[PDB]
Amino acid sequence: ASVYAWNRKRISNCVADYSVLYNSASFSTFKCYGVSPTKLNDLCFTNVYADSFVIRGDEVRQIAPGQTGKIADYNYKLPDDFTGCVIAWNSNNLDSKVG
Amino acid sequence: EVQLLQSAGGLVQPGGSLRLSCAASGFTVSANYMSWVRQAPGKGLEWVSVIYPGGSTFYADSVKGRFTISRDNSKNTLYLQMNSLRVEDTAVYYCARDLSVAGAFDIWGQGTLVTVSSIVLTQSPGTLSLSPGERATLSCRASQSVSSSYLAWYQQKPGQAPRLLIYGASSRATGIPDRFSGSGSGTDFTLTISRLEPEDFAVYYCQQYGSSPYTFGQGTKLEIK
Amino acid sequence: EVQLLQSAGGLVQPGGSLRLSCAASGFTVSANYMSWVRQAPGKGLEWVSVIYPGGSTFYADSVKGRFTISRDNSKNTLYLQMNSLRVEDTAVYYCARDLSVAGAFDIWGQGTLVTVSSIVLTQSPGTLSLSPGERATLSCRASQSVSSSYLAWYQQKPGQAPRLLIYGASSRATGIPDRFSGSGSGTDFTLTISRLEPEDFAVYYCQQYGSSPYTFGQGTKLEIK
């Protein structure tokens with residue numbers, strides 16, 4: 001889904017698999033905060049949500065615990081209790097159109 | 001990859017309590033020296049507190065007792081709890097690691113703003129408007145006349161965190177171009193920029209360390225005629 | 001019949017304070033964007049500040065912190081405070097609503113003048129002196145190669161306020177007649193004026209938006225051989 005209608009999915013009771021998160025080289029914008037970037041298997045907070053959108057280009061950097069802008073004024077906003085963080089991807093011909 | 005958090009952009013009611021947090025990006029916080037500085041916009045920077053490895057804490061002379069900074073090894077964080085705050089305490093609250101002998105505040109946080117209700121060290125030159133293509137001299141003087149290697153130079157950036165230029169006036173930090181030089185001894189120290197670049201118009205500060213509570217200079221800016 | 005009035009024609013003492021004023025004539029300032037642009041006579045136009053609905057303000061890269069802009073909905077004003085000012089600040093301070101995506105600077109203010117004490121976007125052709133009776137081509141190149149529709153065109157006038165010609169290089173603004181056309185993609189955008197009329201000889205600018213701080217062209221003038 002797009003940014004204007006951002007979709008969320010709650011992860012139910014299951015054993016968290018975070019080992020392949022850091023060993024994957026496909027992640028190049030894991031500039032994110034919160035808990036320590038090593039003890040992910042030692043934390044099992046009660047509920048976890050994953051929210052997805054397709055914002056473009058350099059607008060991703062405005063996602064921060066407290067920020068304003070054309071994206072972070074009338075769209076997804078980050079509070080000061082945002083435990084967890086953000087993973088970004090890279091665009092290609094998979095999401096593209098010549099026309 | 002160094003990475004730090006400072007997220008306290010929230011208005012506080014009079015006589016309120018505020019909770020800060022500085023995180024970590026791979027390095028343990030209990031094995032290295034932690035430090036906090038108050039930017040004090042409209043003037044030079046100032047020191048606030050230092051968290052030693054262990055947990056022994058050192059506070060500044062201005063604030064005694066009311067400040068309470070704690071370290072959480074379970075969550076790898078550097079919390080600070082401000083109790084009832086008073087007037088003229090609105091400033092930026094930078095946090096960093098400290099290796100004063102070898103690199104003074106090499107990395108920094110990201111900055112934050114906290115609102116309110118409703119050693120004698122100076123810097124001589126001033127604005128010193130100049131144009132690219134030549135060199136310039138910046139002089140920092142002290143009244144205590146520290147002997148050799150207890151002065152550091154920092155480059156403030158508009159809206160960003162400071163960057164360490166030289167530590168001890170003897171060795172520059174890594175990533176610093178070869179166009180920065182330093183000299184001087186006794187009470188006065190000089191910094192020189194060569195082949196001025198457009199990506200260099202920034203405020204320069206000199207901070208004294210290895211002594212009584214840390215003091216910065218007033219602040220020297222760069223301008224083009 | 002929208003009108004944007006300004007009144008700031010006053011001399012300033014060294015390090016003085018001034019307060020500009022921009023009003024509204026029918027549209028509320030609490031639901032539309034406002035922006036300020038520096039005319040910089042003898043050079044192309046630049047940018048100062050943008051305010052969104054809400055009231056978060058973004059400043060230019062050159063000027064940081066010292067500017068203080070504010071909105072007063074009770075009196076419907078767009079106040080801007082100039083504090084102690086330095087050299088090289090004498091220019092016009094146009095204020096205009098910003099709808100860059102759908103119409104770039106459709107209406108402007110009237111202009112003013114404040115004195116002093118005592119993206120790589122370029123326009124290729126130049127003067128290109130010609131005579132009425134044919135067409136002409138104006139080329140604007142951008143180094144970042146903005147994708148589709150993030151460049152607009154402006155027309156000046158001696159002593160008057162700047163006017164909008166085309167937004168997004170695809171469709172002209174309201175009141176713009178069919179003697180102006182635009183095309184081009186990738187790196188260069190071309191504009192063509194057919195059947196030259198006496199009320200067409202004016203400075204033509206190309207401006208970029210939808211990106212990092214807005215930049216205008218150096219300035220292309222129309223002259224008669």
# chains A, B, ... in the order shown; residues from 1 in each chain; ligands from 1

call {"tool": "closest_atom_pairs", "arguments": {"of": "chain C", "to": "chain B", "cutoff": "9 Å", "atoms": "only C-alpha atoms", "output": "JSON lines"}}
result
{"residue": "C:61", "atom": "CA", "partner": "B:158", "partner_atom": "CA", "distance": 8.7}
{"residue": "C:64", "atom": "CA", "partner": "B:158", "partner_atom": "CA", "distance": 6.6}
{"residue": "C:65", "atom": "CA", "partner": "B:158", "partner_atom": "CA", "distance": 8.1}
{"residue": "C:87", "atom": "CA", "partner": "B:225", "partner_atom": "CA", "distance": 7.3}
{"residue": "C:88", "atom": "CA", "partner": "B:225", "partner_atom": "CA", "distance": 7.7}

call {"tool": "interface_residues", "arguments": {"of": "chain B", "to": "chain A", "cutoff": "8 Å", "atoms": "only C-alpha atoms", "output": "number ranges by chain"}}
result
B: 3, 5, 7-9, 23-26, 75-76

call {"tool": "select_by_dssp", "arguments": {"residues": "stretch 4-191 of chain C", "states": "strand (DSSP E)", "output": "VMD selection string"}}
result
chain C and resid 18 to 20 33 to 38 49 to 51 57 to 59 68 to 69 80 to 82 93 to 98 121 to 123 136 to 142 151 to 155 163 to 167 171 to 172 180 to 183 188 to 191

call {"tool": "atom_distance", "arguments": {"atom1": "atom CA of residue A:97", "atom2": "atom CA of residue A:28"}}
result
23.9 Å

call {"tool": "select_by_dssp", "arguments": {"residues": "chain A", "states": "helix (DSSP H, G or I)", "output": "ChimeraX atom specification"}}
result
/A:19-22,57-62,93-95

call {"tool": "write_last_selection", "arguments": {"atoms": "N, CA and C atoms", "output": "tab-separated table (two decimals), in the first residue's frame"}}
result
chain	number	residue	atom	x	y	z
A	19	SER	N	17.56	-13.63	13.40
A	19	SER	CA	18.93	-13.96	13.02
A	19	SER	C	19.22	-13.61	11.56
A	20	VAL	N	18.27	-13.87	10.66
A	20	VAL	CA	18.46	-13.56	9.24
A	20	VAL	C	18.31	-12.08	8.94
A	21	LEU	N	17.96	-11.26	9.93
A	21	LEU	CA	17.80	-9.83	9.73
A	21	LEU	C	19.15	-9.13	9.56
A	22	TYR	N	20.13	-9.49	10.40
A	22	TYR	CA	21.43	-8.85	10.35
A	22	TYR	C	22.40	-9.55	9.40
A	57	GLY	N	12.75	7.90	-2.41
A	57	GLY	CA	13.99	8.65	-2.38
A	57	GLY	C	14.44	9.07	-1.00
A	58	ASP	N	14.94	10.30	-0.92
A	58	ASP	CA	15.57	10.82	0.30
A	58	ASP	C	14.56	11.17	1.38
A	59	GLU	N	13.26	11.05	1.11
A	59	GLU	CA	12.24	11.35	2.10
A	59	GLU	C	12.28	10.40	3.29
A	60	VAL	N	13.00	9.28	3.17
A	60	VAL	CA	13.04	8.29	4.25
A	60	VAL	C	13.74	8.86	5.48
A	61	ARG	N	14.76	9.70	5.28
A	61	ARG	CA	15.55	10.19	6.40
A	61	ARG	C	14.75	11.05	7.36
A	62	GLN	N	13.63	11.62	6.91
A	62	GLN	CA	12.79	12.43	7.80
A	62	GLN	C	12.05	11.58	8.83
A	93	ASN	N	13.38	-2.47	-11.07
A	93	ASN	CA	12.34	-2.69	-12.06
A	93	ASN	C	11.17	-3.50	-11.52
A	94	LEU	N	11.32	-4.12	-10.34
A	94	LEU	CA	10.20	-4.83	-9.74
A	94	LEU	C	9.05	-3.88	-9.43
A	95	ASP	N	9.36	-2.69	-8.91
A	95	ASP	CA	8.38	-1.63	-8.69
A	95	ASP	C	8.79	-0.46	-9.58

call {"tool": "residues_around", "arguments": {"residues": "residue B:141", "least_positions_apart": "3", "cutoff": "12 Å", "atoms": "only C-alpha atoms", "output": "NGL selection string"}}
result
:B and (119-125 or 138 or 144-146 or 151 or 184-191 or 205-208 or 216-218)

call {"tool": "write_last_selection", "arguments": {"atoms": "C-alpha atoms", "output": "compact mmCIF listing (two decimals), in the first residue's frame"}}
result
# COMPACT_ATOMS: atom_id res chain seq x y z
CA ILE B 119 39.21 28.27 33.58
CA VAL B 120 38.83 31.58 31.71
CA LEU B 121 39.16 30.69 28.02
CA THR B 122 38.41 33.11 25.18
CA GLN B 123 38.80 33.36 21.41
CA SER B 124 40.47 36.48 20.00
CA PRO B 125 39.90 37.05 16.24
CA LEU B 138 42.12 31.66 14.61
CA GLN B 144 45.39 29.43 33.29
CA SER B 145 48.04 28.75 30.60
CA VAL B 146 47.72 24.99 30.32
CA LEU B 151 42.96 21.97 24.21
CA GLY B 184 51.08 27.68 19.54
CA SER B 185 51.99 26.98 23.15
CA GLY B 186 51.79 28.35 26.67
CA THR B 187 48.57 30.37 26.76
CA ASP B 188 47.65 31.01 23.12
CA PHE B 189 46.98 28.49 20.36
CA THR B 190 46.48 29.12 16.65
CA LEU B 191 44.55 27.20 14.00
CA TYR B 205 35.13 26.34 19.11
CA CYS B 206 38.07 25.64 21.42
CA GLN B 207 37.45 23.64 24.60
CA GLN B 208 39.87 23.12 27.49
CA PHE B 216 34.45 26.20 25.74
CA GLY B 217 35.12 29.44 23.90
CA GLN B 218 32.51 32.06 23.11

call {"tool": "closest_residue", "arguments": {"among": "A:45, A:18, A:53, A:6", "to": "residue A:88", "atoms": "only C-alpha atoms"}}
result
A:53

call {"tool": "atom_distance", "arguments": {"atom1": "atom CA of residue A:72", "atom2": "atom CA of residue C:149"}}
result
22.5 Å

call {"tool": "atom_distance", "arguments": {"atom1": "atom CA of residue C:81", "atom2": "atom CA of residue C:93"}}
result
12.0 Å

call {"tool": "residues_around", "arguments": {"residues": "residue C:177", "least_positions_apart": "3", "cutoff": "12 Å", "atoms": "only C-alpha atoms", "output": "list in words"}}
result
residues 164, 165, 166, 171, 172, 173, 174, 180, 181, 193, 194, 195, 196, 197 and 200 of chain C

call {"tool": "write_last_selection", "arguments": {"atoms": "C-alpha atoms", "output": "mmCIF file, in the first residue's frame"}}
result
data_model
loop_
_atom_site.group_PDB
_atom_site.id
_atom_site.type_symbol
_atom_site.label_atom_id
_atom_site.label_comp_id
_atom_site.auth_asym_id
_atom_site.auth_seq_id
_atom_site.Cartn_x
_atom_site.Cartn_y
_atom_site.Cartn_z
ATOM 1 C CA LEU C 164 3.880 32.587 -13.522
ATOM 2 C CA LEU C 165 4.167 31.215 -17.062
ATOM 3 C CA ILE C 166 3.979 27.407 -16.816
ATOM 4 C CA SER C 171 0.359 23.007 -18.754
ATOM 5 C CA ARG C 172 0.327 26.787 -18.463
ATOM 6 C CA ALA C 173 -1.346 28.742 -15.671
ATOM 7 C CA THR C 174 -4.700 30.510 -15.823
ATOM 8 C CA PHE C 180 3.784 30.124 -24.957
ATOM 9 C CA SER C 181 4.752 26.452 -25.195
ATOM 10 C CA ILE C 193 7.308 32.107 -27.463
ATOM 11 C CA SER C 194 5.499 32.431 -30.793
ATOM 12 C CA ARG C 195 4.178 35.650 -32.359
ATOM 13 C CA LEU C 196 6.133 38.036 -30.154
ATOM 14 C CA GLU C 197 4.048 40.911 -28.792
ATOM 15 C CA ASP C 200 6.355 40.031 -23.842
#

call {"tool": "closest_residue", "arguments": {"among": "A:96, A:47, A:41, A:83", "to": "residue A:16", "atoms": "only C-alpha atoms"}}
result
A:41
